[PDB]
Amino acid sequence: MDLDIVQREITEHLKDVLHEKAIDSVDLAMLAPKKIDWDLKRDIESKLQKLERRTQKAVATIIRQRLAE
Amino acid sequence: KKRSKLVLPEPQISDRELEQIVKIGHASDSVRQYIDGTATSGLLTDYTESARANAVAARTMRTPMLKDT
Amino acid sequence: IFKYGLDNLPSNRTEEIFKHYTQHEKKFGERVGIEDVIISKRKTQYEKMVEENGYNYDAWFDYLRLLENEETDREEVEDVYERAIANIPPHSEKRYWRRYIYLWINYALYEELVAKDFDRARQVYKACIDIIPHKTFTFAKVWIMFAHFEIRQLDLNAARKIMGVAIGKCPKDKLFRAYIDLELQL
Amino acid sequence: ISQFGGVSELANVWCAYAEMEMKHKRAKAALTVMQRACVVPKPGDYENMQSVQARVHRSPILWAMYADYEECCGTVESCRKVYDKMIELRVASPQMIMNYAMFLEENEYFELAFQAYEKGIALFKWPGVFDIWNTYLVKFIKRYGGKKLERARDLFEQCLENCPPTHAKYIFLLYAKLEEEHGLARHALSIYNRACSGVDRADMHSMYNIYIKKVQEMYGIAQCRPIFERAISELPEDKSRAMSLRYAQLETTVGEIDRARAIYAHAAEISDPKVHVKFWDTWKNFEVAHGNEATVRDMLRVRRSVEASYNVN
Amino acid sequence: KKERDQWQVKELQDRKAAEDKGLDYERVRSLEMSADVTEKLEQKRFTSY
Ligand SMILES: O=P(O)(O)O[C@H]1[C@H](OP(=O)(O)O)[C@@H](OP(=O)(O)O)[C@H](OP(=O)(O)O)[C@@H](OP(=O)(O)O)[C@H]1OP(=O)(O)O
């Protein structure tokens with residue numbers, strides 16, 4: 001029987017994450033590799049890009065009517 | 001059997017202080033990696049590596065003695 | 001019997017009725033029923049853990065996402081946002097606002113994209129600027145978004161007023177950069 | 001009609017009857033024999049309800065034979081009747097619950113396959129359910145991913161609400177993977193915060209270092225501090241030393257030399273210098289590097305106290 | 001005695017086979033048995049005068 005099927009999927013945790021030895025280094029990324037907004041910003045992007053494309057479309061109409069005169 | 005509670009002094013570089021440090025660091029890093037050049041790049045320093053060199057030089061530090069006894 | 005229980009008892013009890021109802025329905029029901037009861041459980045569960053704290057913003061961000069994802073009626077999604085917004089951080093320090101402020105941004109995004117009621121969306125953005133201290137700190141995020149919201153609807157004469165007051169109250173590098181970039185694109 | 005020594009003897013006769021009919025291609029008769037074999041007695045159907053013929057319908061061998069013929073020769077709806085009745089009577093083993101779901105899944109009745117798994121979980125008590133939950137939770141994710149996530153959460157919560165701590169290790173990591181790739185960040189971290197206390201002591205360090213790595217991977221070594229202090233205070237003393245060495249390495253590589261000492265000095269009271277010599281070496285190297293004459297005398301003071309915690313015995 | 005021994009050798013060689021396969025015999029064993037077998041097993045497993 002495939003008595004351990006869950007282990008096939010969590011392997012990326014088991015290999016690199018279930019154990020780690022040590023570190024002795026520092027850098028400006030390692031001090032703060034992400035910022036506390038990041039997941040909230042992530043989930044806005046698919047909506048906020050629609051606004052961005054509308055902004056380029058909107059600004060094109062503003063220009064077009066401002067040069068129509 | 002029994003163990004003391006872990007008590008630690010407050011960090012010298014507090015979290016609010018580190019926020020400022022990473023703000024300056026990311027800006028200074030970005031404006032380096034922004035741009036290179038074919039001959040006039042020798043005006044620039046490779047700041048981030050010099051900062052690493054400075055940090056390992058500053059890594060030796062010691063508590064002062066003889067303030068009392 | 002389960003539905004009669006939920007219909008006639010306050011939701012501070014009923015946790016046993018719910019868990020057993022979402023056992024009964026989860027076996028003997030069917031998909032449209034199974035998901036309906038799990039949503040109503042989750043809404044009740046978020047509503048509880050909101051009453052436990054209020055400042056559990058991640059409970060709001062889930063709750064708002066859930067109600068948006070299930071296409072629930074505008075008045076109820078709008079109402080729950082108003083309850084979210086009342087949890088103003090008790091601090092003058094930007095660190096605590098950085099998570100909070102996306103309640104306002106998502107509320108405006110909901111009002112602009114989903115409700116498509118731009119007058120109401122304007123009132124959301126305006127109410128951001130009346131709440132942020134501005135003297136102690138600012139979010140350039142809201143000023144940029146509110147400026148571009150008035151570039152949409154073809155009102156650059158308002159967008160310039162919004163963005164110029166941002167420069168006026170609080171010179172900040174992203175505010176200058178974003179206004180300059182807007183004027184270049186125009 | 002005759003007597004037998006026990007249920008399993010009789011069940012073999014019923015199977016042998018359907019067996020020969022199937023080999024002679026009387027498939028509809030073979031099913032008829034199994035239907036006639038499996039029919040549950042009503043309370044008046046026999047002279048006593050504990051006779052061998054009155055109990056033979058509880059034999060799982062008989063229902064296994066019946067359901068297999070329906071898969072080969074029946075309709076999908078008729079197979080569900082057999083399996084559902086087999087589940088109803090407690091007859092179904094966990095393995096043949098998973099066969100039922102495999103059958104529905106193979107016929108693309110995915111949502112009914114989950115009801116098959118669901119009542120599998122209602123019948124059996126841990127650890128018997130463990131492979132039902134394993135196959136359920138991976139199939140659900142492979143079927144829907146994030147598209148049913150709030151329902152997926154309810155499975156993992158329903159699993160972990162009764163999971164024991166010897167089995168929960170894989171479920172917590174599987175659950176965190178869901179919340180990692182689709183969920184909000186603090187949810188995944190809250191799973192790890194649960195995992196490093198819901199997993200049993202013998203592997204609890206392997207949950208702490210996950211939580212350490214994942215916080216460090218996103219919020220850096222500054223925000224990582226408080227969950228080291230939980231670890232040092234909670235995991236058993238051999239790993240609490242190991243965490244103390246790793247924590248002191250961070251505070252020295254940052255530069256909180258005063259905090260580094262208090263990590264060592266707190267670990268030093270559970271570290272016999274007569275045997276744990278590698279700990280006292282790492283502290284001795286630290287104090288000759290970042291220390292001074294005053295604090296070295298304090299290291300040697302505590303060293304000569306903790307050895308005196310044992311030599312007097 | 002023989003009948004008694006048949007169950008003993010059956011479970012022991014199955015355990016050996018399960019152990020030879022590198023599988024926890026107890027999980028593999030519990031996979032095969034009906035819920036009734038569990039239920040009898042779950043049943044089996046100074047406040048005042
Ligand atoms: O004002 P600046 O020095 O140009 O820095 C800003 C500013 O950072 P702070 O105000 O927190 O110091 C933004 O923050 P908000 O004004 O929008 O609150 C921040 O945006 P986030 O807070 O979302 O990080 C943004 O970063 P980004 O460029 O990634 O949008 C960053 O701008 P610069 O990186 O251009 O300096």
# chains A, B, ... in the order shown; residues from 1 in each chain; ligands from 1
$ interface_residues --of "chain C" --to "chain B" --cutoff "12 Å" --atoms "only C-alpha atoms" --output "PyMOL selection string"
chain C and resi 93-96+173
$ write_last_selection --atoms "N, CA, C and O atoms" --output "tab-separated table (two decimals), in the first residue's frame"
chain	number	residue	atom	x	y	z
C	93	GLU	N	2.28	55.74	15.50
C	93	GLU	CA	3.47	55.19	14.86
C	93	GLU	C	3.06	54.40	13.63
C	93	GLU	O	2.16	53.56	13.69
C	94	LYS	N	3.74	54.69	12.52
C	94	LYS	CA	3.34	54.17	11.21
C	94	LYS	C	3.37	52.65	11.15
C	94	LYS	O	2.64	52.06	10.35
C	95	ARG	N	4.24	52.01	11.95
C	95	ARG	CA	4.36	50.55	11.95
C	95	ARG	C	3.02	49.86	12.17
C	95	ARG	O	2.72	48.86	11.50
C	96	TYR	N	2.22	50.37	13.09
C	96	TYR	CA	0.94	49.73	13.38
C	96	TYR	C	-0.11	50.02	12.31
C	96	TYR	O	-1.01	49.21	12.10
C	173	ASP	N	9.07	61.74	-0.72
C	173	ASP	CA	9.73	61.52	-2.01
C	173	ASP	C	8.86	60.74	-2.98
C	173	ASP	O	8.80	61.08	-4.17
$ residues_near_ligand --ligand "ligand 1" --cutoff "10 Å" --atoms "only C-alpha atoms and all ligand atoms" --output "number ranges by chain"
A: 34-38, 40-41; B: 19-20, 23-24, 26-27, 30; C: 94-95, 97-99, 101, 137-144, 171-178
$ closest_atom_pairs --of "chain B" --to "chain D" --cutoff "8 Å" --atoms "only C-alpha atoms" --output "CSV"
residue,atom,partner,partner_atom,distance
B:3,CA,D:270,CA,7.6
B:4,CA,D:266,CA,7.1
B:5,CA,D:233,CA,7.5
B:6,CA,D:266,CA,6.2
B:7,CA,D:262,CA,7.0
B:8,CA,D:259,CA,5.5
B:9,CA,D:259,CA,5.9
B:10,CA,D:259,CA,7.9
B:11,CA,D:256,CA,6.4
B:12,CA,D:256,CA,7.0
B:15,CA,D:222,CA,7.3
B:59,CA,D:255,CA,7.5
B:60,CA,D:290,CA,6.7
B:61,CA,D:290,CA,5.8
B:62,CA,D:290,CA,5.0
B:63,CA,D:291,CA,6.3
B:64,CA,D:292,CA,7.5
B:65,CA,D:294,CA,6.8
$ write_last_selection --atoms "C-alpha atoms" --output "mmCIF file, in the first residue's frame"
data_model
loop_
_atom_site.group_PDB
_atom_site.id
_atom_site.type_symbol
_atom_site.label_atom_id
_atom_site.label_comp_id
_atom_site.auth_asym_id
_atom_site.auth_seq_id
_atom_site.Cartn_x
_atom_site.Cartn_y
_atom_site.Cartn_z
ATOM 1 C CA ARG B 3 16.154 25.647 35.254
ATOM 2 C CA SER B 4 16.221 29.415 35.579
ATOM 3 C CA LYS B 5 14.103 31.692 33.440
ATOM 4 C CA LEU B 6 15.959 33.107 30.446
ATOM 5 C CA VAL B 7 16.379 36.857 31.007
ATOM 6 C CA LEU B 8 18.139 39.002 28.394
ATOM 7 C CA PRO B 9 19.067 42.697 28.288
ATOM 8 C CA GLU B 10 17.159 44.888 25.887
ATOM 9 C CA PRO B 11 18.777 45.084 22.404
ATOM 10 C CA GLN B 12 20.996 48.091 21.803
ATOM 11 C CA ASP B 15 13.464 47.302 16.237
ATOM 12 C CA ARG B 59 32.797 42.895 14.186
ATOM 13 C CA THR B 60 35.528 42.817 16.869
ATOM 14 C CA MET B 61 34.096 44.618 19.912
ATOM 15 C CA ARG B 62 34.508 44.217 23.675
ATOM 16 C CA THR B 63 32.882 45.327 26.899
ATOM 17 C CA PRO B 64 34.905 47.984 28.801
ATOM 18 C CA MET B 65 36.712 47.070 32.031
#
$ select_by_dssp --residues "chain B" --states "helix (DSSP H, G or I)" --output "MDAnalysis selection string"
chainID B and resid 15:33 40:43 47:57
$ write_last_selection --atoms "N, CA and C atoms" --output "short mmCIF file (atom, residue, chain, number, x, y, z; two decimals), in the first residue's frame"
data_model
loop_
_atom_site.label_atom_id
_atom_site.label_comp_id
_atom_site.auth_asym_id
_atom_site.auth_seq_id
_atom_site.Cartn_x
_atom_site.Cartn_y
_atom_site.Cartn_z
N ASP B 15 14.20 47.54 17.48
CA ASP B 15 13.46 47.30 16.24
C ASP B 15 13.17 48.60 15.49
N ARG B 16 12.79 49.65 16.22
CA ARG B 16 12.54 50.93 15.57
C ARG B 16 13.81 51.55 15.03
N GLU B 17 14.95 51.30 15.68
CA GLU B 17 16.22 51.77 15.15
C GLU B 17 16.60 50.98 13.90
N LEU B 18 16.39 49.67 13.91
CA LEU B 18 16.72 48.84 12.76
C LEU B 18 15.89 49.19 11.53
N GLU B 19 14.63 49.59 11.73
CA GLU B 19 13.80 50.06 10.64
C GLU B 19 14.46 51.20 9.87
N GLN B 20 15.02 52.17 10.59
CA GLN B 20 15.73 53.26 9.94
C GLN B 20 16.97 52.76 9.20
N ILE B 21 17.73 51.85 9.82
CA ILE B 21 18.94 51.30 9.20
C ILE B 21 18.62 50.63 7.87
N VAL B 22 17.57 49.81 7.83
CA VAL B 22 17.24 49.13 6.58
C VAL B 22 16.67 50.10 5.55
N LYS B 23 16.00 51.16 6.00
CA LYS B 23 15.53 52.18 5.06
C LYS B 23 16.70 52.84 4.34
N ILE B 24 17.72 53.26 5.08
CA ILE B 24 18.91 53.85 4.47
C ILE B 24 19.65 52.82 3.63
N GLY B 25 19.79 51.59 4.14
CA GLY B 25 20.52 50.56 3.42
C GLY B 25 19.93 50.22 2.06
N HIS B 26 18.62 49.98 2.00
CA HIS B 26 17.99 49.64 0.73
C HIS B 26 18.11 50.77 -0.29
N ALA B 27 17.98 52.02 0.15
CA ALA B 27 18.18 53.15 -0.75
C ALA B 27 19.61 53.19 -1.29
N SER B 28 20.60 53.09 -0.41
CA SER B 28 21.99 53.17 -0.84
C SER B 28 22.40 51.99 -1.72
N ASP B 29 21.93 50.79 -1.39
CA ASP B 29 22.14 49.63 -2.26
C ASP B 29 21.54 49.84 -3.64
N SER B 30 20.28 50.27 -3.70
CA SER B 30 19.57 50.41 -4.97
C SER B 30 20.27 51.36 -5.93
N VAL B 31 20.67 52.53 -5.44
CA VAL B 31 21.33 53.51 -6.30
C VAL B 31 22.73 53.08 -6.75
N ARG B 32 23.34 52.07 -6.12
CA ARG B 32 24.56 51.50 -6.68
C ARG B 32 24.22 50.56 -7.84
N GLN B 33 23.44 49.51 -7.56
CA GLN B 33 23.14 48.49 -8.55
C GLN B 33 22.30 49.03 -9.71
N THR B 40 33.84 55.62 -16.90
CA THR B 40 33.53 56.53 -15.80
C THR B 40 32.91 55.82 -14.60
N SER B 41 32.74 54.50 -14.63
CA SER B 41 32.24 53.78 -13.47
C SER B 41 33.23 53.78 -12.32
N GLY B 42 34.52 54.02 -12.59
CA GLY B 42 35.51 54.11 -11.53
C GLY B 42 35.32 55.28 -10.58
N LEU B 43 34.41 56.20 -10.88
CA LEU B 43 34.02 57.18 -9.87
C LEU B 43 33.23 56.52 -8.75
N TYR B 47 29.60 49.94 -3.21
CA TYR B 47 29.24 50.23 -1.82
C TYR B 47 28.94 49.00 -0.95
N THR B 48 28.09 48.10 -1.45
CA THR B 48 27.62 46.97 -0.65
C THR B 48 28.76 46.07 -0.21
N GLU B 49 29.74 45.83 -1.08
CA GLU B 49 30.88 45.01 -0.69
C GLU B 49 31.80 45.76 0.27
N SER B 50 31.99 47.06 0.06
CA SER B 50 32.74 47.86 1.03
C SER B 50 32.04 47.92 2.38
N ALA B 51 30.70 47.92 2.38
CA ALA B 51 29.96 47.87 3.64
C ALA B 51 30.16 46.53 4.34
N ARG B 52 30.19 45.43 3.59
CA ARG B 52 30.53 44.14 4.17
C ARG B 52 31.94 44.14 4.75
N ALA B 53 32.90 44.71 4.01
CA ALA B 53 34.26 44.83 4.52
C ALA B 53 34.31 45.67 5.80
N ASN B 54 33.58 46.78 5.82
CA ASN B 54 33.49 47.60 7.03
C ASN B 54 32.83 46.85 8.18
N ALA B 55 31.78 46.08 7.90
CA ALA B 55 31.08 45.35 8.96
C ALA B 55 31.94 44.28 9.61
N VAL B 56 32.72 43.54 8.82
CA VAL B 56 33.61 42.53 9.41
C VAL B 56 34.77 43.18 10.15
N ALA B 57 35.21 44.37 9.72
CA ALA B 57 36.19 45.11 10.51
C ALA B 57 35.62 45.56 11.85
#
$ residues_around --residues "residue 22 (chain E)" --least-positions-apart "5" --cutoff "12 Å" --atoms "only C-alpha atoms" --output "list in words"
residues 1, 2, 3 and 4 of chain A; 15, 16, 17, 27 and 28 of chain E
$ write_last_selection --atoms "C-alpha atoms" --output "mmCIF file, in the first residue's frame"
data_model
loop_
_atom_site.group_PDB
_atom_site.id
_atom_site.type_symbol
_atom_site.label_atom_id
_atom_site.label_comp_id
_atom_site.auth_asym_id
_atom_site.auth_seq_id
_atom_site.Cartn_x
_atom_site.Cartn_y
_atom_site.Cartn_z
ATOM 1 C CA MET A 1 0.000 0.000 0.000
ATOM 2 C CA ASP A 2 1.022 3.634 -0.619
ATOM 3 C CA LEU A 3 0.966 4.040 3.175
ATOM 4 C CA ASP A 4 2.658 7.547 3.225
ATOM 5 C CA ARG E 15 3.789 -8.779 11.281
ATOM 6 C CA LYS E 16 7.020 -10.221 9.928
ATOM 7 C CA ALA E 17 5.805 -9.683 6.360
ATOM 8 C CA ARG E 27 -1.526 0.552 10.423
ATOM 9 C CA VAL E 28 -1.612 -2.185 7.777
#
$ interface_residues --of "chain D" --to "chain E" --cutoff "10 Å" --atoms "only C-alpha atoms" --output "number ranges by chain"
D: 58-60, 87, 89-98, 120, 123-132
$ closest_atom_pairs --of "chain D" --to "chain C" --cutoff "12 Å" --atoms "only C-alpha atoms" --output "tab-separated table"
residue	atom	partner	partner_atom	distance
D:84	CA	C:28	CA	11.3
D:109	CA	C:31	CA	11.9
D:110	CA	C:31	CA	10.7
D:111	CA	C:31	CA	7.2
D:112	CA	C:30	CA	8.4
D:113	CA	C:27	CA	10.5
D:114	CA	C:27	CA	8.3
D:115	CA	C:27	CA	5.1
D:116	CA	C:27	CA	7.9
D:117	CA	C:27	CA	8.9
D:118	CA	C:27	CA	5.8
D:119	CA	C:27	CA	6.2
D:120	CA	C:27	CA	9.8
D:121	CA	C:27	CA	10.0
D:122	CA	C:23	CA	8.8
D:123	CA	C:27	CA	11.8
D:147	CA	C:69	CA	10.4
D:148	CA	C:35	CA	8.7
D:149	CA	C:66	CA	10.4
D:150	CA	C:39	CA	7.7
D:151	CA	C:38	CA	6.6
D:152	CA	C:38	CA	10.2
D:153	CA	C:38	CA	10.0
D:154	CA	C:38	CA	7.7
D:155	CA	C:26	CA	10.2
D:157	CA	C:19	CA	11.3
D:158	CA	C:19	CA	9.3
D:161	CA	C:19	CA	11.4
D:183	CA	C:62	CA	9.5
D:184	CA	C:58	CA	8.1
D:185	CA	C:58	CA	9.5
D:186	CA	C:58	CA	7.9
D:187	CA	C:58	CA	8.8
D:190	CA	C:58	CA	11.8
